[PDB]
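Below is one structure, written out as structure tokens, with a few remarks after it.
Computed from heavy atoms alone, side chains included, the values below leave out hydrogens, waters and symmetry copies. Residue numbers start from 1 in every chain, and the chains themselves are labelled A, B, ... in the order their sequence lines are given, proteins ahead of strands.
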Amino acid sequence: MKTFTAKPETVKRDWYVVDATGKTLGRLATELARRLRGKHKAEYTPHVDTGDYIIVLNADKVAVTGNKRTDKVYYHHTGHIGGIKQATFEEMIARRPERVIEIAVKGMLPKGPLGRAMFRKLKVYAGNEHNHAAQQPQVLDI
Amino acid sequence: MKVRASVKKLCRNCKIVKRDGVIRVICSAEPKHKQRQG
Amino acid sequence: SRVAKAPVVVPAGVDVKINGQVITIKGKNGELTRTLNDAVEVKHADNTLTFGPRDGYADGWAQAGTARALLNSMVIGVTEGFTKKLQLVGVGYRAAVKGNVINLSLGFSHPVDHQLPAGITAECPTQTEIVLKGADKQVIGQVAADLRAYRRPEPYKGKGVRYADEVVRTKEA
Amino acid sequence: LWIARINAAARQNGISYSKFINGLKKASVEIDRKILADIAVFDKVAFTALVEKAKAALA
Amino acid sequence: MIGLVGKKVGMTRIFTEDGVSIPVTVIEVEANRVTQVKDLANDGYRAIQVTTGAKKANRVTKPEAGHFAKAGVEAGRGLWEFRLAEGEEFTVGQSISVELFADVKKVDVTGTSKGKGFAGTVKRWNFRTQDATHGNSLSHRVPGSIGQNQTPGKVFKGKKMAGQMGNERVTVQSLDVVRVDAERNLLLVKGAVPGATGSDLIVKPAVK
RNA sequence: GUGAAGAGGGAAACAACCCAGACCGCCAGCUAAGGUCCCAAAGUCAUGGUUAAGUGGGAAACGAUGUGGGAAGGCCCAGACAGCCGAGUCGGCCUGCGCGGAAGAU
RNA sequence: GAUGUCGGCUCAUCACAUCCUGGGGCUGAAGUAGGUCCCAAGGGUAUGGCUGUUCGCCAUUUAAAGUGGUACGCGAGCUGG
RNA sequence: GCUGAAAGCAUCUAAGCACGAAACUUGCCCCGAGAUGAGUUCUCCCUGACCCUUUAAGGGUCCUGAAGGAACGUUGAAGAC
């Protein structure tokens, strides 16, 4: 016999909805990445995508411990000489609240085309409403 | 102000305080006794 | 602790309302509202308020003491009130009042106008004296400090704006 | 690969891989990981039976 | 507030009774016709679209003809947009004339600059020339050095070199208004503005 | 003792350090050093303590009512220590974990 | 069985132990001018006589004429004292 | 700096409230949906019949050829092409 392997033409996927109010950033991102990759199914296959679609609501109400609201710094570089830029957690929450969760989850996924395709099944909103009522998502408690 | 690694009481009217993670000396009699550790 | 173990009496003619941590006090001179820290429990028995720590916080007693002092000041201010006095020293310096605006002349080449906040009154007995009246201790102190900031007392003569009971040292050239 | 699949299958019945293997060892079952993964994918009633056996052994 | 679209005519001077000469640029401003109004509910921002001029019928396509006919105006030579501030309103079909600048003092003017083609460093960036004698070997107007060495071993982004110069968008700020003539459709400003004779200009009230 | 003349696993990448000496095949099992939140295989295991500095994840002489543990002293319901009545207060010794001294060139 | 090297010219880029401009504490700080320490890298920071000279002395200016790293930056970009 | 306990006094800080620089984020000018996360608004054009099989986002024959674009010519205060 030879071991079973999944086939991308026949794979089931479901839609879930999650709320982020008063939750810890890293301990939420771990579960999100695990379910995006598909490690909770017995049909797991390293070179195939066997994950689910997840919606996250209330992204501007996540929580951090310690003095991280004023001391966590995000860096980046522009490509021009001297172009190093930085932002703080509070400024990020004020300007672009979804990027926090997006970056946190992106850091925890495989690096390559398959990981880039995995990332496409995450939908993050900054409020309490979404326009995916035709897909009939189910409530997931993490 | 005096910026030093060693801050001490220099007379009888000096007081040692800790503000925002810094040790300081404040005097009610002599403005020359103000000190800051750094 | 030793300050949190002395109940606060509530004289006749004042009203207290407590909802969780929000406390309101009303009296002949006005009304004041506050929100306490989440480690103190305040109890109204018959004629006094008592303060104590909850269970599960490591700094209950300090918070209890702070709450005690704050509420004592509230009670005092809702019946009697608070007053402050300011003095001016120098040649040509003067002050006047119109509505809720104080006009100061203090040796500059432009006028100085200060706008009082809600709940504070000012009057000028002489041209070189200011008296402030109110019901909120912190606000009265902040207004006095702001007024003093314009021209602080100097060490060689003592000119400027000073408190009534302040000792201002001087030295020679 | 076999170990990862067995972990996924066991956490759906309510136990973890390490405890499941310990329970099988104490129950004297000698089935290997290849066959366990095969059964996990192609037959779930039998896998539930095995998990109950392991839980009873650990109890 | 809003602005207008005009055409550049030329340059001349004005003499004042006390003996001062003022250089002026002449702008021809005809009526601007409103073609579309954009609001928050439908589009997401508040603006107007305008046209001016004329165009021969045999050079207008069907889509453009329909767009004009919906508003009920004739065909011009272009379409431009202006943003609206709170408290302003217009209606489709309206006409706006040069008397809008009756009480304005300073303006900003936007246009397209003249073209110079491929240019060198002496002219494009004001580099200094090396010596004409004293042994120079074929290096008179060349740029010189463009980097350091093994560290970093490359050229930095944004280095100044040779290439296309001119023929781009340019704005000039805070020019005085010398005259507004409504009978002849003229606006006289003081100074020089970008472009050549016969080009399109955008005029707005000063922002500073 | 190892490399030279030696492959495999660990220390991110790393001849000479730690574990261990490759005759050939297997889609079987047990362990060594090192590990069990995600990248990435395996405890978001159980009981009792310490730290608030992201210390953990660079560096001294010296300075300071940070905060745990211990063995002894002085004064005090004869009214002590603080300020202008009523329960404690003062300064040394040993010890665990933290804080300042702490400035560089894509 | 080859990694061209001192000064000069043309062109630059970074650090902060800050020369000018900005904000402060102490003074044996009356005012005007000064002394010392803390924060701060946005912009700007000379022409000539002598010498192959980097330096340096001298004459006359300027708010000021900063100290260092980049194969003691830069010869498949120039010169050859 | 204001109010304030731990520590009955005192204390800018532990809980709360207010000022403060050419450095940071904006305000001024220019590019910008290959932003593969490829977005929005207004207007214009296309309204025929048959066959085959391995029956499906299948192959072929006849009739029809819109909106618009490109090519050629006279050229430009646009341009190495």
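Within residues 16-23 of chain D, no residue approaches RNA chain G, by heavy-atom distance under 4.0 Å.
Along RNA chain G, the nucleotide nearest to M1(B) and the one nearest to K32(B) differ in position, and the one closer to the 5' end is contacted by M1(B). Each of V3(B) and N149(E) lies near RNA chain G, and the nucleotide nearest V3(B) is the one positioned closer to the 5' end.
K15(B) pairs by the side chain to side chain contact (heavy atoms under 4.5 Å, CB included) definition with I26(B), not counting sequence neighbours.
Looking at the side chain of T66(C), the nearest of the listed nucleotides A71(G), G4(H), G68(H) is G4(H). The nucleotide whose nearest atom lies closest to any side-chain atom of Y156(C) is, among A29(G), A6(H), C42(H), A29(G). Taking the side chain of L70(C) as heavy atoms from C-beta on, and the options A15(H), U44(F), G54(F), the nearest nucleotide is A15(H). You'll find that the side chain of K171(C) is closest to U27(G), out of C9(G), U27(G), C30(H).
A negative value of the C1'-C2'-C3'-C4' torsion places the sugar of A17(G) in the south (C2'-endo) family. North puckering is assigned to the sugar ring of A12(G), since its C1'-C2'-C3'-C4' angle is above zero. Nucleotide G79(H) carries a north-puckered sugar, as indicated by a positive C1'-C2'-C3'-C4' torsion. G6(F) has a negative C1'-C2'-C3'-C4' torsion, placing its sugar in the south range.
Across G56(F) and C99(F), the matching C1' atoms stand 15 Å from one another, rounded to whole Å. Remark: the separation of the P atoms in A59(F) and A20(F) is 33 Å, to the nearest Å.
Judged as a side-chain hydrogen bond (donor to acceptor under 3.5 Å, both in side chains), the pairs with a partner in residues 135-144 of chain E (not counting sequence neighbours) are, in order, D131(E)-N136(E).
The partner of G8(G) is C78(G), judged by Watson-Crick or G-U wobble contacts that both fall below 3.5 Å.
Seen from the ring of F68(E), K70(E) does not count as a face-on cation partner, given the 6.0 Å and 45° thresholds. By the 6.0 Å and 45° rule, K25(D) does not stack over the aromatic ring of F20(D).
In this structure, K34(D) atom NZ and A28(F) atom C1' are separated by 9 Å, rounded to whole Å.
Using a distance-only test at 3.5 Å, with no hydrogens or angles considered, a donor-acceptor pair links the side chain of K8(E) to the main chain of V193(E).
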